[PDB]
Amino acid sequence: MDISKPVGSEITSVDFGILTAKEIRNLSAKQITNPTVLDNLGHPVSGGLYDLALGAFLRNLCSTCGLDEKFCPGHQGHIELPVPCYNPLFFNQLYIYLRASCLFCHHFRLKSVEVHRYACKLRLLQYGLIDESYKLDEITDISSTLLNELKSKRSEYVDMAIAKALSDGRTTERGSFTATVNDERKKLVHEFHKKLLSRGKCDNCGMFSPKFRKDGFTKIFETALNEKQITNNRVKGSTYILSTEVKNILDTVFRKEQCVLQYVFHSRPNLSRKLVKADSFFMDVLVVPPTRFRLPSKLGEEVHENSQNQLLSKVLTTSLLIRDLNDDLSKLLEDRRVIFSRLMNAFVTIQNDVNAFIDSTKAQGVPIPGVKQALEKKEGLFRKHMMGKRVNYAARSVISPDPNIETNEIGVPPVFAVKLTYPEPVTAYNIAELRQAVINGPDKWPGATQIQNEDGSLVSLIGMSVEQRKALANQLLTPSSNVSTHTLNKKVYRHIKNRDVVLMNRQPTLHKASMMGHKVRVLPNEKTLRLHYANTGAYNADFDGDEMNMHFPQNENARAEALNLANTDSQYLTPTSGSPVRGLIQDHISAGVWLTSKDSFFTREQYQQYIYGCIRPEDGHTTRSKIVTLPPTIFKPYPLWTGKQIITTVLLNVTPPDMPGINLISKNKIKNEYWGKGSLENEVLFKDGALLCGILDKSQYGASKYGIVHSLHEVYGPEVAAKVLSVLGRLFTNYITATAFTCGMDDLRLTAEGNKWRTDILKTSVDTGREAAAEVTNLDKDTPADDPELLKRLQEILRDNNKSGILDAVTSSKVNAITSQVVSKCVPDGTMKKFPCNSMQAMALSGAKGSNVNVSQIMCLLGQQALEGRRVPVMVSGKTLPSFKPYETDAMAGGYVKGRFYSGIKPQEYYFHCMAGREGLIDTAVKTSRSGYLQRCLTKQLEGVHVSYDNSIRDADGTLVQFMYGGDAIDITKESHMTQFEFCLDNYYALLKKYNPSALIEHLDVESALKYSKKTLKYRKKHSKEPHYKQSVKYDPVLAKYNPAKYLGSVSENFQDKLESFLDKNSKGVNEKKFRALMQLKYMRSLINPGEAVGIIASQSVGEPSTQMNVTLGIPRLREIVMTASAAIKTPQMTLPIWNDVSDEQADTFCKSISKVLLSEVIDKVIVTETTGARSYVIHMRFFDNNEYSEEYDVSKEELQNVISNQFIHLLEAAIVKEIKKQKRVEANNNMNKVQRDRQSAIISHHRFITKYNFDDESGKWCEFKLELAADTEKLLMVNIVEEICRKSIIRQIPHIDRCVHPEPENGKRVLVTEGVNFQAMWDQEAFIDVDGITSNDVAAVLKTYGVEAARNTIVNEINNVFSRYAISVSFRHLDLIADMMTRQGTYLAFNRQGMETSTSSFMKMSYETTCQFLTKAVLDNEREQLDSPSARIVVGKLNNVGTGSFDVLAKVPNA
Amino acid sequence: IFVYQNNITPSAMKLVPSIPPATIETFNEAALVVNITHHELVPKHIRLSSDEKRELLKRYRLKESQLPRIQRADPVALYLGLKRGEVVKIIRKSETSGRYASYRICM
Amino acid sequence: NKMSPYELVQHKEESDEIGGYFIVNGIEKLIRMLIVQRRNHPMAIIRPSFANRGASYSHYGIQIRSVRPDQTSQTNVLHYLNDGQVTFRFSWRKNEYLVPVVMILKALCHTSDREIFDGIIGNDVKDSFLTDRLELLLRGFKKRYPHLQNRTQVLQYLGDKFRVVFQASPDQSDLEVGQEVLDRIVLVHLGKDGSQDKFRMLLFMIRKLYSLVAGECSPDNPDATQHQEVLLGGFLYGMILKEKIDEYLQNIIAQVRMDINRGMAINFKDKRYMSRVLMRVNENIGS
Amino acid sequence: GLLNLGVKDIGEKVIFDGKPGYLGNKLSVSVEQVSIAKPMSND
Amino acid sequence: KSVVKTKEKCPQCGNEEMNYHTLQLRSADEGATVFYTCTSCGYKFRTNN
Amino acid sequence: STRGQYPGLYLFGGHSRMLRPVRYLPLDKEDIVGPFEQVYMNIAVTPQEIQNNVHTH
RNA sequence: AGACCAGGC
Ligand SMILES: Nc1nc2c(ncn2[C@@H]2O[C@H](COP(=O)(O)CP(=O)(O)OP(=O)(O)O)[C@@H](O)[C@H]2O)c(=O)[nH]1
Ligand SMILES: [Mg+2]
Ligand SMILES: [Zn+2]
Ligand SMILES: [Zn+2]
Ligand SMILES: [Zn+2]
């Protein structure tokens, strides 16, 4: 792009139409006719694919415009297909209208009044009349006179409703097409096409039409009429058919029904009034592309012709064979049949070639790719060359770390400073320094490589000497001799200076702080980028070979955005949680522990050396033009300073004067007990900018909230906190290079007493693996390891996967409590060298690098080597390893390793630790690819949602997502210290300067929002003891009535109820009302700006923490909620609130009445007995004792009889008849009483082949019943039948609920969780369950029974606790927008291609996936789009409507 | 409105739209055992007047079809008895803001 | 081959130069080792993909990988159907084929039908799991194939169905093209003169497959290296060299097939015609 | 060697004539020995 | 219902802890051969009975 | 064993096996074993961890 | 411009 070459015209919209055959005979340059590409001697033959009329080809002028290779744009040509053929993009819709239509009267086969019912409902949906289309349907074998009276009043209602809505300011004559009327139109056309295809007779004239058949593509068949209903076509007084006849039918059907199909094929009102034709679905002319776009590839001599020339030649080869097959018919049975059977085969092969040119997967005969498959996937065209592109003016190199860089700069090599260049137009203020740059040349920094003249010409400085180059330096600021180019000036493409801007970038760009705008500083020596350590955690960049990108922006609109907007100093706080990402990392955190210690004393030469080593006033870090110091801590015998007093005057020089010092009371990671007795070094204390107590740590400087750098970011500003990270980064580097820091082998030793403490605890682990084994096996205690009953059941545990899980969770629970006894005892109390000298402990406690579990495995013991939940896997033989005997009950034999990294682990301990190490390297591989497609589905839907100037976030096409961002419209990166009222009171006079209350009253309304905020605060304290359904509120909050960005005091209700809760309690020359007047000004400035790409931020705040990762959990849970929106949820639950009246004994006998009881769960064994020669069976099902299952399942003896009577056998009788069908290809007497003989007689009567039945009526132990069959039948198994029926028969079941568990009470409340969702059946149990507190897990079932807003509340909590399990804090403003976007239609829509079909932006849907399915649906609808979405403004090259491009810039010119 | 025990004959479901302008609503006797607006996860739904519908489409300059949508057949619109094309004010509790009025229209 | 490290320096190579690799176009290629199923061991296998062979297929099954003495392999997977019968599965070309095993139990040797029973049932006749599943196996052969009573009649049916796919000759009878089925497919590590041993090993494999469906056996893990074997790469270089001379011996018949369908000047006893037609085929196997 | 055992495993392959019951002449063609040579050039 | 159911004195140098391993070689008719292996000297011998 | 691997005595002597040397404790010499063979025997990693009557190698 | 192979973070 050239800023000195404007453009006045802009694309406003696009619209997808069908390119007709009449246009592309006028459009065409020259029709091409023979299937030879280029002839001998390297020329292109005239009339072929490579032609000079189609463009300049290979050093030869064009025959249409007469231009060469560099200037010919390429021209459209065509071929003449001799027969109309099928367009494969429209064949699925051509086969709908080829079916469903009468072949005799040439209407559809519906009645003409119901086809008219859709003709005028779709007309109301072209305009913005989504509600008038349903009033139209409320208008009501039958004579055809009142049907004309019915079609009249329906047509007059539309012409009155369109006239009223267009007059009452609602709908343009171009119609209104929002998103929710695209829903009602797609729902109405799909209903119309489904009802067309299901018709027996034509309801206009009642006789049949032969049904068409499509087996695959390239062909259509019609079937012969049946031998029965040919009578209907005699009382009205298989075959391959031609594509000219299919067109001949639909050239009549679309004319007899023109008044209906105009609205099916138009989303908006047809102002052109063009006819819709059957020639749309056919293509009588192929268009060949311009020959520029099909140039051949070249690798030395290996020159191959393009794939499209291979596919367009085969169409031309068939297009001449089909004309040579017309030679004999032009001359004219045996002379006629062989010439016609070979002509019909040419019809199929010219179709199979026009399919294979357009779509390669519709071909047959690894295939040559068509024109559909240059667009579809990654490596397509929308995703490889439109949404992502290769760029100019951009470098990539390995990064090396660098101090002495001011935390917003990048260090560029000399060889990047030479190549990358910037167009500076010469002016009156450039010809001092831009004359010096052009003298220096292409190879002298700072220099220049080119000059662009006024004419668009461009003079390179590479092959020029310095005498030729100084003459061009006197050519720059000259008046132009051309009047036509008199306002243009020369551009000097100078090198990159130290004042330019640079956009750095490390892959994967998981969030927006992984692509920041840095300043530049060139460096003299080597070929690598130089990145400061505060940026290393934002890009997730380490220095073991990372390389990262460097994009150099090319105009002033982009330099002003990566210095002010995409700046690296503006990205201190991330918008995911509001937590900082920037800070010092490893050596600087270990140095502030030593510097801010009580031992650090500095003399006068040392104290003043560390200040000028970090401040350096000439580079502009001080604010006083003279370095001020403090009086020393000690005056006698000789003056000494302190490391507290280092950072006091470090912070005194970088702060702005006439603004008071910082006031902070915070804490740090190191406890008081590491510094001795009576230590106060845990709390830090800043009082008027002076560090008076406390070590400085990771919690103060470093990516951590509410430290000193986070507090300097709030009170003073982001330019100060980015400067403090520079000055402290140099204060600690210069302290380290004079006072260093080492970890050695000395730091890893325990004492001789601590090693004795270690081994005495580990001697109790020799019996731990046996006690845990004896507990699970249900032996009591003290059984030996070689007990044959212990070894028998351990073999039974191994063969089951669930029994082995409760053995690997009891031993792991016991051996991790032996690990927790050594770490509690041996560190820090048993270590030889101690804190602060123990550098292994000193950098683990301080958060520099390491953990407490890392120094555990080094110094104490390495622990249980846990696999994926379980312990180390066991072989088939019961051996965990060849070293250990089978089934031994040792903790060491199952993965608990006692050796430490200091003294070594054994070879069997080494092999267990390698199983756990490979587990981590696979989860680092396989679980960073599943979260990458989570964020892509999220960002495509949420690319266009943004804050409007109404403070009301909404999509790019205009549909409204929320009325206010988060309900309060405050930015996450500005609301950290918003409710830190104790911090803002201590820093009142310094925060009053940055908000400046007196100068900000004139553009405000201070008076009005405060009054209505008291009308509601007084109302809600008076009311709001009742619950929410009773509250007729009578007053909205001040956010819903007043603009919070203009009206002072228009705050949220939690901000008002927490300020009036803070300021009520404590009473502290600032009074009570000047503090509440400054928080409401702090609130209003912390509003979110209009234009914020919120949904990108909301989708990066979910996709980037997802990489950190008896119910489903994690990234499989986010796929169920967000990506698929599954109503077939994997493990649904339902939480039931127990009343306070029912106790724990009345609640767990209650959950035995909901949880299902199978018949399989009550049977001990089933003994069948088959005697044949009538096939007999004696089904004897033996139960447990009645005292055993009436306690366990609460199943009575008589209820178990009714399941066998009415439920078990009716499933068993079916399974025997089902198999006979599919194979055709001690106890009591018999004179017991009158009722059991008739209980038996009712079982025999109502069933098919039972001859005897008896239940154990006196004890409930057995049930025996004879079951005869015929002698004709062969053998059934009749045990695998009975077992499969016994597992499907239910004793007692509440439907869709399979289990009901009473867990421990989590967080006070009493909880009853089920394993299935049935809200209707849990409403009957009012006496046990709070029915008005039943929350759940199935988001699709809370939408069906409790509604839309309850499912919106359900989806927030379920996407919350998938992040709350990993202790990941993502704020409720990103979770709010993903909720309100998924339920924006009153349904539960997914972030996939099925849930985005209801959307206006066609290029957004085409860019995501299934490109030529959304392409066909756009061109069938004749869909015009306003180019609103960010995916649609990159395809056509527009500025976005988000952020900077969300407004226009106008220039006030003084003269009229 | 019309409350029934078990089911309605499909020849008798043709009669509930058979009269304009007076509408007929239809409820189970088992779906009315618990009122769902008393549940904790639902907000206070309030339908707006024709004047309050004009003042919402004027402050935000919305079309009628650009609001968030509520279905006509979810059990909260069936509770309030919503005819198509009218806005429901939804008083929503949140974690950091508290009360704020959202809106949905029933298409 | 037997050069000293002195003589390997005099021939420019390297002193302790280990070989192992192929020099192809100046680039040192080598064929990797592949870990694969053990030879000649029927292991009980549970796979959810065994159910997708059609309807009534269980997830159970057994699988042997038999290697020939020229180190070329052939798998013979037995499936268990939920109907009660079992199924022999193999693959001669890149498509699969399904045979009931009683067709193979009666084609290997001259059997009774109690000797099919006595080879699975030992002295455990009272085990009524096995007796009921072996009722359905032997009566399903009599139901579906009411013919095929002796060995010489089963073997002609098996040769009639695998004649065009095994590329048989018009000279071979159906009795001896059925033995051409049994020698290249079923349990090929016994070869010719081992049909007694192929019989006893099938009666072993059915009982182990019935011991797997009874729960009496754990399924053998194919991913543990207990049941794994190494393709050395040098043997796979010999496996592919069998095929390229199997294909070479077919191109010299596919060339005289092209001579039958076109020409007349054909004399099979003419050395002048042998060298005439053997130069028309692609003999460059080494490329 | 294993290649001679692979030569033997392929066996003989035949093809008959169309020249005139009997089918014609058998042509029972095979390979019976394979041997690799150490690499030799001709200069 | 399943779980509710409920020295050698080696003559070479003198050592009592001596590594042994019984192994029945040929049939169950003969006695198990006890293969002895020392660690203090390393002398090995076996024992029929 | 109860529901373990199908029992039997399997001898292997063919090509392409996997083989490692191990020291056999009665009559101390070298023994060569395979992966199918190793899963049911008790080797020890050092001769100071031999337990009596359980370790063969 | 694809295939396969070897890597980088
Ligand atoms: N998107 C991907 N990022 C990767 C991949 N490999 C490495 N990385 C990035 O490079 C960084 C490498 O970290 P590692 O995989 O080595 C985890 P490690 O335990 O070695 O961290 P340290 O011990 O702190 O070095 C990591 O932050 C990743 O963001 C990859 O395959 N894909
Ligand atoms: Mg790295
Ligand atoms: Zn041209
Ligand atoms: Zn008709
Ligand atoms: Zn001894």
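Residues numbered from 1 in each chain as written, not as in the entry; some residues may be left out. Chains lettered and ligands numbered in written order. Part of a larger assembly, values for the part shown. Heavy atoms only, no water.

- Looking at the entry header, you'll see cryo-EM listed as the method and 3.18 Å as the resolution.

1. Side note on the protein's contact with RNA strand G
Reasoning step 1: Contacts to RNA strand G come from A:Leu299, A:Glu379, A:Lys384, A:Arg506, A:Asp542, A:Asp544, A:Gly545, A:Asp546 and C:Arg32.
Reasoning step 2: The sugar-phosphate backbone supplies 91% of the atoms of RNA strand G found within 4 Å of the protein.
Reasoning step 3: A distance of 3.0 Å separates a phosphate oxygen of RNA strand G from a polar atom in the side chain of A:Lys384.
Reasoning step 4: Across the surface near RNA strand G, the residue classes tally to one nonpolar, one polar and seven charged. (Near = heavy atom within 4 Å. Polar contact = N/O pair within 3.5 Å; in protein donor to acceptor, adjacent residues only side chain to side chain. Nonpolar A, V, L, I, M, F, W, Y, C, P; charged D, E, K, R; others polar.)

2. Here's the deal with unusual backbone geometry
For residues besides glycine, phi is generally negative; the peptide bonds are generally trans as well.
Residues and elements named next belong to chain A.
Reasoning step 1: Cis geometry is adopted by the peptide bond preceding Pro446, which originates at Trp445 and carries an omega value of -10°.
Reasoning step 2: Looking along the chain, the bond that leaves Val827 and enters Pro828 is cis, with omega of 0°.
Reasoning step 3: Note on placement: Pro828 falls in the loop between helix 25 (811–826) and helix 26 (839–845).
Reasoning step 4: The residue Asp688 is not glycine, and still its phi comes out positive at about 55°.
Reasoning step 5: Relative to the helices and strands, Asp688 is located in the loop between strand 22 (683–686) and strand 23 (691–693).
Reasoning step 6: Positive phi outside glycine occurs at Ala1125, with the angle close to 55°.
Reasoning step 7: Tracing the backbone through its elements, the reader meets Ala1125 in the loop between helix 37 (1115–1123) and strand 26 (1134–1137). (Helix = DSSP H or I, 4+ residues; strand = E, 2+ residues; numbered from the N terminus.)

3. As for the sheet that holds strand 29 (residues 1178–1183) of chain A
Residue and element names in this part refer to chain A.
Reasoning step 1: Overall, antiparallel pairing links the four strands, which are arranged 28-29-31-30 in an open sheet. The open sheet has two free edges, formed respectively by strand 28 (1163–1167) and strand 30 (1254–1255), since each of these has just one partner strand.
Reasoning step 2: Bridge count between strand 29 and strand 31 (residues 1262–1266): five bridges; the pairing is antiparallel. Among the inter-strand pairings, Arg1182 is bridged to a residue of strand 31, identified as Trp1262. (Pairing = 2+ DSSP bridges.)

4. So, the coordination of the magnesium ion (ligand 2)
Reasoning step 1: Those donors, A:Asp542 (OD), A:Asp542 (OD) and A:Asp544 (OD), are the protein atoms that reach the magnesium ion (ligand 2), and they lie 1.8 to 2.4 Å from it.
Reasoning step 2: Among the residues examined, A:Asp544 registers a relative accessible area of 62% and is labelled exposed. (Donors = N, O, S within 2.8 Å, 3.2 Å for Na, K, Ca; no water. Buried < 20%, exposed > 50% of the residue type's maximum accessible area, 1.4 Å probe, protein only.)

5. Some words on the sheet that holds strand 11 (residues 421–425) of chain A
Residues and elements named next belong to chain A.
Reasoning step 1: Judged by pairing direction, the sheet is antiparallel, and its four strands sit side by side in the order 11-14-12-13 without closing on themselves. Edge positions in the open sheet fall to strand 11 and strand 13 (458–460), since each of these has one partner strand only. Across the sheet, the mean angle separating the axes of adjacent strands is 25° when strand polarity is ignored.
Reasoning step 2: As paired elements, strand 12 (residues 448–452) and strand 13 share three bridges and run antiparallel to each other. Among the inter-strand pairings, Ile451 is bridged to a residue of strand 13, identified as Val459. (Axes fitted to C-alpha atoms, helices over the stretch in contact; angles between N-to-C directions.)

6. What to know about the site of ligand 1
All names here are of chain A.
Reasoning step 1: Neighbouring ligand 1 are the residues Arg506, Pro508, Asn540 and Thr924.
Reasoning step 2: Between ligand 1 and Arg506, the relevant distance is 3.3 Å, taken from an oxygen atom to a side-chain nitrogen or oxygen of the residue.
Reasoning step 3: Between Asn540 and ligand 1, the recorded distance is 3.2 Å, taken from a side-chain N or O atom to an oxygen atom.
Reasoning step 4: Computed on the free molecule, ligand 1 has an accessible area of 640 Å², of which 33% lies beneath the protein chains in the complex.
Reasoning step 5: Residue classes in the shell around ligand 1 are distributed as one nonpolar, two polar and one charged. (Areas by Shrake-Rupley, 256 points an atom, 1.4 Å probe, with all protein chains shown as cover.)

7. Concerning the coordination of the zinc ion (ligand 3)
Residue and element names in this part refer to chain A.
Reasoning step 1: Those donors, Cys62 (SG), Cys65 (SG), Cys72 (SG) and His75 (NE2), are the protein atoms that reach the zinc ion (ligand 3), and they lie 2.2 to 2.5 Å from it.
Reasoning step 2: Classification of the site at the zinc ion (ligand 3) as tetrahedral follows from its four donor atoms and the range of 104 to 112° in their angles at the metal.
Reasoning step 3: Judged by its relative accessible area of 16%, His75 is buried. (Tetrahedral: all angles 85-135°; square planar, octahedral: opposite > 155°, others 65-115°.)

8. Brief notes about the arrangement of the chains
Reasoning step 1: The structure contains seven pairs of chains in contact, of which chains A and B account for the largest number of contacts.
Reasoning step 2: The two units chain A and chain D remain apart, with a minimum C-alpha distance of 30 Å.
Reasoning step 3: A gap remains between chain B and chain F, with no contact made and the closest C-alpha atoms lying 52 Å from each other. (Contact = heavy atoms within 4.5 Å.)

9. So, helix 21 (residues 718–736) of chain A
For an α-helix, 3.6 residues make a turn, and residues three or four places apart therefore share a direction.
Reasoning step 1: In this model, helix 21 of chain A (19 residues) spans 27 Å end to end at C-alpha, consistent with the 27 Å of a helix rising 1.5 Å per residue.
Reasoning step 2: Along helix 21 of chain A, 14 of the 19 residues are buried, which leaves the element largely enclosed by surrounding structure. (Expected span 1.5 Å × (residues − 1).)

10. Some points on the UniProt feature "binding site: Zn(2+) 2" in chain A
Residue and element names in this part refer to chain A.
Reasoning step 1: UniProt annotation of "binding site: Zn(2+) 2" refers to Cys102, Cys105, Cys202 and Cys205 when read in the numbering used here.
Reasoning step 2: Here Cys105 shows up in the loop between helix 2 (91–98) and helix 3 (112–119).
Reasoning step 3: Classification of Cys105 as buried rests on a relative accessible area of 15%.
Reasoning step 4: With near-sequence residues (within four places) excluded, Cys105 lies in contact with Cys202, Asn204, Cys205 and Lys256.
Reasoning step 5: Within the secondary structure, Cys202 is located in the loop between helix 7 (180–196) and strand 3 (212–213).
Reasoning step 6: What makes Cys202 buried here is its relative accessible area of 1%.
Reasoning step 7: In this structure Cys202 touches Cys102, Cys105, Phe108, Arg109 and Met207, once residues within four positions along its chain are discounted. (UniProt positions renumbered as here; feature names shortened; annotations may be inferred.)

11. With respect to the interface of chain B and chain A
Reasoning step 1: On the side of chain A, 60 residues touch chain B, which itself brings 49 residues to the contact.
Reasoning step 2: Summed over both partners, the interface of chain B with chain A buries about 5,100 Å², with 53% contributed by carbon and sulfur atoms.
Reasoning step 3: Contact with chain A buries area across many residues of chain B, yet B:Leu41, B:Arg69 and B:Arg99 alone supply 16% of it, more than any other trio.
Reasoning step 4: Along the contact surface separating chain B from chain A lie seven salt bridges.
Reasoning step 5: Residue B:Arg92 pairs with A:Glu1349 through a salt bridge whose shortest N-O separation is 2.8 Å.
Reasoning step 6: Going through the elements one at a time, strand 3 (44–47), helix 1 (50–59), strand 4 (69–70), helix 2 (75–80), strand 5 (87–93) and strand 6 (99–106) of chain B are the ones with two or more residues in the side of chain B that touches chain A.
Reasoning step 7: Of the residues that constitute the side of chain B that touches chain A, the class distribution is 21 nonpolar, 14 polar and 14 charged. (Buried area = accessible area lost by both parts, 1.4 Å probe. Salt bridge = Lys/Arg side-chain N within 4 Å of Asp/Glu carboxyl O.)

12. Side note on the pairing of strand 6 of chain B
Residues and elements named next belong to chain B.
Reasoning step 1: Burial runs high along strand 6: eight of the eight residues are buried.
Reasoning step 2: Every second residue of strand 6 is oriented toward a common face, with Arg99, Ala101, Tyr103 and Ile105 on one face and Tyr100, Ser102, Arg104 and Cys106 on the other, all of them buried.
Reasoning step 3: Two strands pair when backbone bridges link them, and strand 4 and strand 6 are joined in this way by two bridges, in the parallel orientation. Bridge pairing in strand 6 places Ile70 opposite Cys106.
Reasoning step 4: Pairing between strand 5 and strand 6: seven bridges, direction antiparallel. Note that in strand 6 the partner of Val88 across the bridge is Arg104.
Reasoning step 5: Between strand 5 and strand 6, which pair antiparallel and follow one another directly, the connecting turn spans five residues, one of which, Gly98, has a positive phi of 100°.

13. Considerations on the interface of chain C and chain A
Reasoning step 1: In this complex, chain C contributes seven residues to the contact, which on the side of chain A involves seven residues.
Reasoning step 2: With both sides pooled, the region where chain C packs onto chain A buries about 660 Å², and carbon together with sulfur makes up 51% of that total.
Reasoning step 3: For the pair chain C and chain A, the interface holds two salt bridges.
Reasoning step 4: A salt bridge links C:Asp132 to A:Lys1275, with the nearest nitrogen and oxygen atoms 3.6 Å apart.
Reasoning step 5: Applying the counting rule to chain C against chain A returns one residue pair in polar contact.
Reasoning step 6: Its residues assigned to classes, the side of chain C that touches chain A comprises one nonpolar, two polar and four charged.

14. Digging into the packing of helix 31 (residues 988–995) of chain A against helix 35 (residues 1073–1085) of chain A
All names here are of chain A.
Reasoning step 1: Packing of helix 31 against helix 35 leaves a shortest axis separation of 11 Å and a crossing angle of 45°. Of the possible angle classes, the one that applies to helix 31 and helix 35 is oblique. For the crossing formed where helix 31 meets helix 35, the hand is left-handed. Residues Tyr988, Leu991, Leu992 and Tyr995 of helix 31 form the contact with helix 35, whose participating residues are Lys1074, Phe1075, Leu1078, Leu1081, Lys1082 and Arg1085.
Reasoning step 2: The residue inventory of the contact of helix 31 with helix 35, partitioned by class, reads seven nonpolar, no polar and three charged. (Parallel < 35°, antiparallel > 145°, perpendicular 65-115°, else oblique. Left-handed = near helix turned anticlockwise from the far one by under 90°.)

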